[PDB]
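Here the structure is laid out as structure tokens; the discussion comes afterwards.
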Amino acid sequence: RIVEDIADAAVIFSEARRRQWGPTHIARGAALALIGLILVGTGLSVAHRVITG
Amino acid sequence: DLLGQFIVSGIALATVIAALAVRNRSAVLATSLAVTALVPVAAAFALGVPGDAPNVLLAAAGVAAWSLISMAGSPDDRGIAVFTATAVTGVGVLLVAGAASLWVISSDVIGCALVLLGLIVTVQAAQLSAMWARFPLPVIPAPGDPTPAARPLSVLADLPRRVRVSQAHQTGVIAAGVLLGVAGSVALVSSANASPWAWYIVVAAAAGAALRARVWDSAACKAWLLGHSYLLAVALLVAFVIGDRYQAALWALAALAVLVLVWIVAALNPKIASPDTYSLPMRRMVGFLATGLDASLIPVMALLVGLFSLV
Amino acid sequence: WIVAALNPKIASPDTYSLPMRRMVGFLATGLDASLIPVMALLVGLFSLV
Amino acid sequence: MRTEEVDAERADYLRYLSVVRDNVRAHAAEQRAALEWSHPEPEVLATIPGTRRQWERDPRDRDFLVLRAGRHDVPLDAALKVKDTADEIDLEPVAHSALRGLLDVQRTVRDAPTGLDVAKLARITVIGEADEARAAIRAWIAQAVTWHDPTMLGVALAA
Amino acid sequence: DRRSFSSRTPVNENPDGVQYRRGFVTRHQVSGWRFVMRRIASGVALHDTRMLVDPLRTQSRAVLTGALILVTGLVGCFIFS
Amino acid sequence: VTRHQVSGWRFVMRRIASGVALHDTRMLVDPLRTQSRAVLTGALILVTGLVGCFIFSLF
Amino acid sequence: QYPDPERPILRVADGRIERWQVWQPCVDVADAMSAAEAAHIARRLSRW
């Protein structure tokens, strides 16, 4: 296709993106947050001992 | 000794030329080499400056130059957000480091400068991208008779490439925005038992980020935005432990726990992350709130840095 | 003068933005506007009243 | 009466324009669909002599004795007429610019199956290299004979 | 009513019909440019350009208001001395 | 003399000026006018701060 | 004498069929057939 109105020419040629936020990126966000939390708590106590008592 | 710098210089020059040489055949190895090429260059142009900051300045200039000259000489993509973000953050840190090096700085003005630069770049992110994409600028005519020519079909056949490049640039710009928006906000509160206006500033900037993420639509951009509070929390945590305090660290963990709790209760509950099920007045109030936050930011920043006190 | 002599795209006001050549207007309005009160300072008229 | 209102009106007109562009693109889709249906590429015609579409061309149909030769820009037979009634009144710049930039690129279909009709030619004379000619000749002559009843049109040769 | 004269412009068909070369951005042109660049810049962040509510300009004018109130308080306490 | 009669006069004796320095009489936008009020207002900022500082000693 | 649209003149370029008017390519990608292809066409069609 050929479009000249740059407004549509951007709101049309950016749909090869599956960009929909939707209720599925929320899952990976929650999961990786949880994983980081667990690891950082453990490593926090790790360094807490490798540097103090 | 010096040999630690001769090695860096040689490796970095070799990588520069090799990444400039394989562009034509691979176009995929080329960009990986280009990305890794800016870790040694900054080492050589900073440690190469003898001293302790009067040295980060040249490193920032080097990464900015390398990023800029590699992004332009590139195909459609893979010059992804990584390059533009390095470029913007290098330019900002160079601007701030010059003032820090040639003059004296309270080591708090630094935090003010960085949070300001981050807020500025984030707020004016889109326009800057549309600039860097080099769109076909409008042709607004006078009410006389300079009846202009229609755009040739060539530039209209080249447009889908520019659109993707625009999306990429704007993601990268937001990335560097949050990256600096935390790179200062951590150098602020962590120093040694500072003023509560710093507390309100960091929480205001975090809420301003997390409230901007209702604007954009590219998922990666929204993720970068929402993640600023999280990255801030973890950076404070490690700066505390290395700061040798061991008291509010567990408080940072408490905060991070609330963050992941709200994340979870939002995750398996597709009735709170749904803007439709809410009310119009609440939408309007959230908007007014997001306006009020970043409105209030700059005056309270000036108060905190103390320029109402010089006068 | 030289870089604008042998390079006929900097001395043609058509190839700039619309809002960039806009502000140059503001700049050229402020500069001559401030010029009279600044003279009052230098001459030291304010040290008489 | 300051810039806000005129900008609102600008935005409204541009939205209307987007709608019209979508509609005319649908019309162009119909047109290219039909023209591809009735003059397929000179390889599919190997499969046509079998199925029930071989003598599917009749003297009442809009495509009759039309011989395809290639692809180029067909001018979109639909109308696209605006009802301009002004005596050189000055129209808003940022709207008129958009409409003008529309009425020139969405008026001609992109590469579409052309038509070398022979119902009103009575003589064709090609010029140029030997077999490049006999190519297009054999091409449209087969495309002609394949669609129309052998009891309706005749061909003659001398070589 | 007041019998207004809507702006008009015909042709020329003579010698003085292609001699002016005067580049001067009129108010309308700068308004139009502002609007176009704020309808593109809202087509790569919102992914719809019906332009009913623009929050980007809202953000930018908010930070501007912060700056202006900053300078206002600055001088209003500079007069304090 | 109504204002329309004077609102007219200053307009024609500006359309003439744009005539001989700008070489176009469309008068869509005229920097010469800006040139006038700019240097003009820098006189006012003087005269007011003149008054505002004369009154400053009046405490 | 400005050839009539009927009984016209046609020149065959590499992929053009350029009409004769005063060069108005009139086709930008031409449809060309091969000999053996037409042979197989005739063969198939002689059946019904």
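All residue names refer to the structure tokens as shown: chains lettered A, B, ... in order, residues numbered from 1 in each chain, ligands numbered from 1 in order.
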
Exercise. Counting only C-alpha atoms, which residues from chain F have an atom at most 9 Å from any atom of chain E, and could you show them as a list in words?
Worked result: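 Written out as asked, the residues are residues 22, 23, 24, 28, 29 and 30 of chain F.
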
For this session: Define the interface residues of chain D facing chain B as those within 8 Å, counting only C-alpha atoms, and report them as an MDAnalysis selection string.
Result: chainID D and resid 90 93:94 97 101

For this session: Fewer than 6 positions away in the same chain doesn't count, so skip those; otherwise give me all residues within 8 Å of residue 45 of chain E, counting only C-alpha atoms, as a VMD selection string.
Result: chain B and resid 126 215 to 218

At a cut-off of 6 Å, which residues of chain A touch chain B? Count only C-alpha atoms and give the answer as an mmCIF file with N, CA and C atoms, in the first residue's frame.
```cif
data_model
loop_
_atom_site.group_PDB
_atom_site.id
_atom_site.type_symbol
_atom_site.label_atom_id
_atom_site.label_comp_id
_atom_site.auth_asym_id
_atom_site.auth_seq_id
_atom_site.Cartn_x
_atom_site.Cartn_y
_atom_site.Cartn_z
ATOM 1 N N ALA A 10 1.610 6.356 9.957
ATOM 2 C CA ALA A 10 2.268 5.797 11.124
ATOM 3 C C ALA A 10 1.344 4.905 11.925
ATOM 4 N N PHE A 13 1.435 1.433 9.581
ATOM 5 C CA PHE A 13 2.644 0.655 9.374
ATOM 6 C C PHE A 13 3.319 0.253 10.672
ATOM 7 N N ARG A 19 1.598 -5.358 19.645
ATOM 8 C CA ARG A 19 1.963 -4.494 20.754
ATOM 9 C C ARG A 19 0.945 -4.499 21.878
ATOM 10 N N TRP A 21 -0.877 -4.552 24.980
ATOM 11 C CA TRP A 21 -0.498 -4.847 26.354
ATOM 12 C C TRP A 21 -1.253 -6.070 26.856
ATOM 13 N N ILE A 26 1.330 -8.885 31.846
ATOM 14 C CA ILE A 26 1.226 -8.732 33.284
ATOM 15 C C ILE A 26 1.767 -9.973 33.970
ATOM 16 N N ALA A 27 1.535 -11.137 33.373
ATOM 17 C CA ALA A 27 2.007 -12.372 33.970
ATOM 18 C C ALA A 27 3.524 -12.396 34.070
ATOM 19 N N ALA A 30 4.838 -9.973 36.730
ATOM 20 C CA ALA A 30 4.708 -10.462 38.095
ATOM 21 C C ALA A 30 5.731 -11.545 38.389
#
```

Using 10 Å as the limit and counting only C-alpha atoms, can you tabulate each residue of chain E that touches chain C, with its shortest atom-to-atom distance in Å and the two atoms involved, as a Markdown table?
```
| residue | atom | partner | partner_atom | distance |
| --- | --- | --- | --- | --- |
| E:23 | CA | C:14 | CA | 7.5 |
| E:24 | CA | C:21 | CA | 9.7 |
| E:25 | CA | C:18 | CA | 7.3 |
| E:29 | CA | C:18 | CA | 8.1 |
| E:30 | CA | C:18 | CA | 6.6 |
| E:31 | CA | C:19 | CA | 9.8 |
| E:32 | CA | C:18 | CA | 10.0 |
| E:33 | CA | C:18 | CA | 7.1 |
| E:34 | CA | C:19 | CA | 8.3 |
```

Problem set entry | Residue hits in chain F, query chain C, radius 12 Å, only C-alpha atoms, as a VMD selection string | chain F and resid 30 to 58

Mind dumping the selected residues with C-alpha atoms as a PDB file, in the first residue's frame?
```
ATOM      1  CA  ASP F  30       5.289  43.282   9.301  1.00  0.00           C
ATOM      2  CA  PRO F  31       8.510  43.141  11.319  1.00  0.00           C
ATOM      3  CA  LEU F  32       8.883  46.911  11.086  1.00  0.00           C
ATOM      4  CA  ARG F  33       6.010  47.226  13.537  1.00  0.00           C
ATOM      5  CA  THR F  34       7.718  44.830  15.932  1.00  0.00           C
ATOM      6  CA  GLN F  35      10.891  46.856  15.431  1.00  0.00           C
ATOM      7  CA  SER F  36       8.885  49.820  16.656  1.00  0.00           C
ATOM      8  CA  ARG F  37       7.217  48.465  19.786  1.00  0.00           C
ATOM      9  CA  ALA F  38      10.326  46.550  20.870  1.00  0.00           C
ATOM     10  CA  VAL F  39      12.549  49.602  21.147  1.00  0.00           C
ATOM     11  CA  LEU F  40       9.497  51.415  22.448  1.00  0.00           C
ATOM     12  CA  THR F  41       8.775  49.133  25.394  1.00  0.00           C
ATOM     13  CA  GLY F  42      12.385  49.245  26.571  1.00  0.00           C
ATOM     14  CA  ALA F  43      11.613  52.871  27.240  1.00  0.00           C
ATOM     15  CA  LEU F  44       8.613  51.995  29.403  1.00  0.00           C
ATOM     16  CA  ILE F  45      10.423  49.427  31.554  1.00  0.00           C
ATOM     17  CA  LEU F  46      12.739  52.339  32.209  1.00  0.00           C
ATOM     18  CA  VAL F  47      10.043  54.826  33.116  1.00  0.00           C
ATOM     19  CA  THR F  48       8.242  52.423  35.449  1.00  0.00           C
ATOM     20  CA  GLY F  49      11.259  51.141  37.370  1.00  0.00           C
ATOM     21  CA  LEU F  50      12.099  54.826  37.446  1.00  0.00           C
ATOM     22  CA  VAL F  51       8.811  55.356  39.271  1.00  0.00           C
ATOM     23  CA  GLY F  52       9.089  52.104  41.220  1.00  0.00           C
ATOM     24  CA  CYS F  53      12.479  53.142  42.569  1.00  0.00           C
ATOM     25  CA  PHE F  54      11.505  56.744  43.210  1.00  0.00           C
ATOM     26  CA  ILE F  55       8.681  55.350  45.343  1.00  0.00           C
ATOM     27  CA  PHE F  56      11.189  52.914  46.873  1.00  0.00           C
ATOM     28  CA  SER F  57      12.855  55.836  48.661  1.00  0.00           C
ATOM     29  CA  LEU F  58       9.356  56.932  49.759  1.00  0.00           C
TER      30      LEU F  58
END
```

Exercise. Neighbours of residue 29 of chain G within 6 Å (only C-alpha atoms; same-chain residues fewer than 3 positions away dropped), as a ChimeraX atom specification?
Worked result: /D:70-71 /G:15-16

The selected residues should be written to file as an mmCIF file, in the first residue's frame (atoms: N, CA and C atoms).
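Once everything was written out, this is again.cif:
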```
data_model
loop_
_atom_site.group_PDB
_atom_site.id
_atom_site.type_symbol
_atom_site.label_atom_id
_atom_site.label_comp_id
_atom_site.auth_asym_id
_atom_site.auth_seq_id
_atom_site.Cartn_x
_atom_site.Cartn_y
_atom_site.Cartn_z
ATOM 1 N N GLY D 70 -0.153 -6.859 -20.018
ATOM 2 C CA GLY D 70 0.792 -6.585 -18.952
ATOM 3 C C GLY D 70 0.130 -5.890 -17.778
ATOM 4 N N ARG D 71 0.957 -5.187 -17.006
ATOM 5 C CA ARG D 71 0.531 -4.505 -15.792
ATOM 6 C C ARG D 71 1.052 -3.080 -15.800
ATOM 7 N N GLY G 15 10.802 -4.743 -21.192
ATOM 8 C CA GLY G 15 9.627 -5.164 -20.460
ATOM 9 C C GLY G 15 8.505 -4.174 -20.659
ATOM 10 N N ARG G 16 8.685 -3.283 -21.628
ATOM 11 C CA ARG G 16 7.726 -2.237 -21.942
ATOM 12 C C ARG G 16 7.062 -2.543 -23.271
#
```

Exercise. Quick one: of D:109, D:6, D:158, D:121, who's nearest to chain G, counting only C-alpha atoms?
Worked result: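 Answer, going by the shortest atom-to-atom distance: D:121.
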
Please find the residues of chain G near chain D - the criterion being any atom within 8 Å, counting only C-alpha atoms - and write them as a PDB file with N, CA and C atoms, in the first residue's frame.
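Saved the output as result_17.pdb:
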```
ATOM      1  N   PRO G   5      -5.940   6.450 -32.164  1.00  0.00           N
ATOM      2  CA  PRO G   5      -6.044   5.372 -31.168  1.00  0.00           C
ATOM      3  C   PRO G   5      -6.416   4.028 -31.776  1.00  0.00           C
ATOM      4  N   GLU G   6      -7.048   4.025 -32.947  1.00  0.00           N
ATOM      5  CA  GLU G   6      -7.250   2.794 -33.691  1.00  0.00           C
ATOM      6  C   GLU G   6      -6.154   2.634 -34.736  1.00  0.00           C
ATOM      7  N   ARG G   7      -5.815   1.377 -35.012  1.00  0.00           N
ATOM      8  CA  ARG G   7      -4.690   1.031 -35.868  1.00  0.00           C
ATOM      9  C   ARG G   7      -3.431   1.731 -35.366  1.00  0.00           C
ATOM     10  N   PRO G   8      -3.034   1.498 -34.107  1.00  0.00           N
ATOM     11  CA  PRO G   8      -1.948   2.281 -33.506  1.00  0.00           C
ATOM     12  C   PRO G   8      -0.579   1.684 -33.757  1.00  0.00           C
ATOM     13  N   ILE G   9       0.447   2.284 -33.169  1.00  0.00           N
ATOM     14  CA  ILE G   9       1.820   1.828 -33.321  1.00  0.00           C
ATOM     15  C   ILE G   9       2.333   1.397 -31.957  1.00  0.00           C
ATOM     16  N   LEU G  10       3.025   0.264 -31.915  1.00  0.00           N
ATOM     17  CA  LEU G  10       3.489  -0.326 -30.669  1.00  0.00           C
ATOM     18  C   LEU G  10       4.938  -0.752 -30.820  1.00  0.00           C
ATOM     19  N   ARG G  11       5.775  -0.327 -29.885  1.00  0.00           N
ATOM     20  CA  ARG G  11       7.180  -0.696 -29.848  1.00  0.00           C
ATOM     21  C   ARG G  11       7.409  -1.566 -28.625  1.00  0.00           C
ATOM     22  N   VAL G  12       8.240  -2.595 -28.764  1.00  0.00           N
ATOM     23  CA  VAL G  12       8.459  -3.559 -27.690  1.00  0.00           C
ATOM     24  C   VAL G  12       9.847  -3.342 -27.100  1.00  0.00           C
ATOM     25  N   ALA G  13       9.888  -2.877 -25.860  1.00  0.00           N
ATOM     26  CA  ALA G  13      11.135  -2.694 -25.136  1.00  0.00           C
ATOM     27  C   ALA G  13      11.447  -3.972 -24.357  1.00  0.00           C
ATOM     28  N   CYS G  26       2.904   3.066 -21.555  1.00  0.00           N
ATOM     29  CA  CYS G  26       1.606   2.427 -21.770  1.00  0.00           C
ATOM     30  C   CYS G  26       1.555   1.004 -21.221  1.00  0.00           C
ATOM     31  N   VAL G  27       2.710   0.467 -20.831  1.00  0.00           N
ATOM     32  CA  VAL G  27       2.860  -0.769 -20.069  1.00  0.00           C
ATOM     33  C   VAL G  27       4.235  -0.721 -19.430  1.00  0.00           C
ATOM     34  N   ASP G  28       4.311  -1.037 -18.144  1.00  0.00           N
ATOM     35  CA  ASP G  28       5.576  -0.937 -17.434  1.00  0.00           C
ATOM     36  C   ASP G  28       6.223  -2.295 -17.215  1.00  0.00           C
ATOM     37  N   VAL G  29       5.418  -3.347 -17.100  1.00  0.00           N
ATOM     38  CA  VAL G  29       5.887  -4.726 -17.138  1.00  0.00           C
ATOM     39  C   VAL G  29       5.022  -5.495 -18.125  1.00  0.00           C
ATOM     40  N   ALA G  30       5.620  -5.908 -19.236  1.00  0.00           N
ATOM     41  CA  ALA G  30       4.862  -6.544 -20.300  1.00  0.00           C
ATOM     42  C   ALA G  30       4.665  -8.026 -20.012  1.00  0.00           C
ATOM     43  N   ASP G  31       3.590  -8.578 -20.568  1.00  0.00           N
ATOM     44  CA  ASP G  31       3.284 -10.001 -20.453  1.00  0.00           C
ATOM     45  C   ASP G  31       3.850 -10.682 -21.690  1.00  0.00           C
ATOM     46  N   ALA G  32       4.842 -11.545 -21.501  1.00  0.00           N
ATOM     47  CA  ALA G  32       5.508 -12.226 -22.607  1.00  0.00           C
ATOM     48  C   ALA G  32       5.322 -13.726 -22.441  1.00  0.00           C
ATOM     49  N   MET G  33       5.092 -14.422 -23.550  1.00  0.00           N
ATOM     50  CA  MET G  33       4.928 -15.867 -23.540  1.00  0.00           C
ATOM     51  C   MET G  33       6.110 -16.519 -24.240  1.00  0.00           C
ATOM     52  N   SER G  34       6.295 -17.811 -23.999  1.00  0.00           N
ATOM     53  CA  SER G  34       7.276 -18.583 -24.739  1.00  0.00           C
ATOM     54  C   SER G  34       6.588 -19.477 -25.767  1.00  0.00           C
ATOM     55  N   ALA G  35       7.396 -20.033 -26.669  1.00  0.00           N
ATOM     56  CA  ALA G  35       6.851 -20.865 -27.733  1.00  0.00           C
ATOM     57  C   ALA G  35       6.327 -22.185 -27.189  1.00  0.00           C
ATOM     58  N   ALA G  38       3.039 -21.983 -25.398  1.00  0.00           N
ATOM     59  CA  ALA G  38       1.895 -21.952 -26.295  1.00  0.00           C
ATOM     60  C   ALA G  38       1.643 -23.314 -26.916  1.00  0.00           C
ATOM     61  N   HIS G  40       2.136 -26.258 -25.501  1.00  0.00           N
ATOM     62  CA  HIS G  40       1.432 -27.069 -24.515  1.00  0.00           C
ATOM     63  C   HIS G  40       0.017 -26.550 -24.307  1.00  0.00           C
ATOM     64  N   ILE G  41      -0.183 -25.247 -24.505  1.00  0.00           N
ATOM     65  CA  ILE G  41      -1.524 -24.677 -24.424  1.00  0.00           C
ATOM     66  C   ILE G  41      -2.417 -25.275 -25.497  1.00  0.00           C
ATOM     67  N   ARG G  44      -3.219 -28.984 -24.778  1.00  0.00           N
ATOM     68  CA  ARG G  44      -4.266 -29.183 -23.787  1.00  0.00           C
ATOM     69  C   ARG G  44      -5.638 -28.813 -24.331  1.00  0.00           C
ATOM     70  N   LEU G  45      -5.737 -27.718 -25.083  1.00  0.00           N
ATOM     71  CA  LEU G  45      -7.064 -27.209 -25.407  1.00  0.00           C
ATOM     72  C   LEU G  45      -7.716 -27.989 -26.533  1.00  0.00           C
TER      73      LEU G  45
END
```

Problem set entry | Best match for closeness to chain B among F:27, F:21, F:1, F:6, counting only C-alpha atoms |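 Of F:27, F:21, F:1, F:6, the one nearest chain B is F:27, counting only C-alpha atoms.
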
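If you look at atom CA of residue 287 of chain B and atom CA of residue 211 of chain B, they are 8.6 Å away from each other.
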
For this session: For residue 21 of chain G, list every protein, DNA or RNA residue within 9 Å, evaluated using only C-alpha atoms, and leave out those in the same chain fewer than 2 positions away; present the list as a PyMOL selection string.
Result: chain G and resi 2-3+9+19+23-24

Using only C-alpha atoms, which residues of chain D come within 10 Å of chain A, and what is the closest atom pair for each, with the distance in Å to one decimal? Give it as a tab-separated table, sorted by chain and residue number.
```
residue	atom	partner	partner_atom	distance
D:14	CA	A:5	CA	9.4
D:17	CA	A:5	CA	9.7
D:18	CA	A:8	CA	7.8
D:21	CA	A:3	CA	9.5
D:25	CA	A:1	CA	9.8
D:98	CA	A:5	CA	7.1
D:99	CA	A:5	CA	9.6
D:101	CA	A:4	CA	7.2
D:102	CA	A:4	CA	7.3
D:105	CA	A:2	CA	8.0
D:106	CA	A:2	CA	8.5
D:110	CA	A:1	CA	9.0
```

Same residues, C-alpha atoms, output as a short mmCIF file (atom, residue, chain, number, x, y, z; two decimals), in the first residue's frame:
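And here's out.cif as it stands now:
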```cif
data_model
loop_
_atom_site.label_atom_id
_atom_site.label_comp_id
_atom_site.auth_asym_id
_atom_site.auth_seq_id
_atom_site.Cartn_x
_atom_site.Cartn_y
_atom_site.Cartn_z
CA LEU D 14 -8.88 15.31 8.84
CA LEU D 17 -10.81 12.61 5.21
CA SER D 18 -9.45 9.39 6.66
CA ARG D 21 -9.76 7.38 1.97
CA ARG D 25 -9.51 2.01 -1.11
CA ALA D 98 -4.25 17.09 2.78
CA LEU D 99 -7.12 16.87 0.32
CA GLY D 101 -2.26 15.32 -1.52
CA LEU D 102 -5.04 12.75 -1.48
CA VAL D 105 -2.21 9.28 -5.26
CA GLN D 106 -5.52 7.58 -4.48
CA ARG D 110 -1.18 0.68 -8.86
#
```

For this session: Find the residue from C:16, C:47, C:6, C:1 that sits nearest to chain B; use only C-alpha atoms when measuring.
Result: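 Of all the options, C:16 lies closest to chain B.
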